[PDB]
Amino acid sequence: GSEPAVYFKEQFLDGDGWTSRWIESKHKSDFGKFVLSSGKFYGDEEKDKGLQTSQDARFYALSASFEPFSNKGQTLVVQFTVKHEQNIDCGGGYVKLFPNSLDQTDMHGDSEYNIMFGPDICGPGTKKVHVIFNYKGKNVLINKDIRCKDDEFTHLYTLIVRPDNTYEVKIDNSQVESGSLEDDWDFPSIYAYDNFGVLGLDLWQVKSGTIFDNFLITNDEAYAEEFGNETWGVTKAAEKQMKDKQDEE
């Protein structure tokens, strides 16, 4: 009939239903398995179900395709929650947005993506939020140091990329970094990609147990903020109260 474009959304609300929407890469025969779980403590046992890394010291390669789109002349928002319930030592917690040309059964560390975004932890020296744009054959990393969350709780990560070559990074629905694409990377069409068609979780973990949930790819900042409050905002207080109840035990 005669609104925000929701290019991709995943909340894992239909039990085993997610297996049809996500594809495991067969590039290697030893990739780790994601399992559906809400972990040992949660805000809501059912709502907080997400994809959890289940095997230590493994590479992960799982991806979801969606009807392809271009962000040309549009704002692009990529958002998701990451919960390092295990008290992570070293491991990725970022997503990669690929063009539709990706063969999902062959996705691996070298697969050509458009944008990579999210937290990476590797001991005390790396607690950072990556913001990477693939530009003219190179993966260009942000020149700002954005500290990521390293506790056991669910955190919302949001990247906003605007058609005026500006961006914003939010953690828990609050701005943590912003600036211009020309200023914050060493590169007017910089922001735009002809095609996005796959969101991938392509990463390494030593201590596994991270849970990913509430993925959203949209062209509207205000909608991503509302969805953020409907997901992460609903989890927050009750999840903390449950862990506090358990810590005392």
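Each residue number is its position in the shown sequence, starting from 1.
The entry models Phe187 and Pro188 with a gap of 4 to 9 deposited residues left without coordinates.
The gap between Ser2 and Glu3 holds 4 to 9 unmodelled residues of the deposited sequence. Higher mean CA B-factor, judged across 78-86 and 172-180 from the recorded values: 172-180. Between 119-127 and 153-161, the higher mean Cα B-factor belongs to 119-127. Note on the listed residues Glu67, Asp56, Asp202, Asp213: the highest Cα temperature factor in the record is that of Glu67. In this entry, the residue among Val140, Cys148, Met107, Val95 with the greatest C-alpha B factor is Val140. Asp14: CA B factor in the highest third of modelled residues in this chain (values from the PDB entry).
Among the modelled residues of its chain, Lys207 has a C-alpha B-factor that falls in the lowest third, as given in the PDB entry.
Ranked within its chain, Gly197 lands in the middle third, by CA B factor from the PDB record. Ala238 sits in the middle third of its chain by CA B factor, as recorded in the PDB entry. Compared with the other modelled residues of the chain, the Cα B-factor recorded for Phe41 ranks in the middle third.
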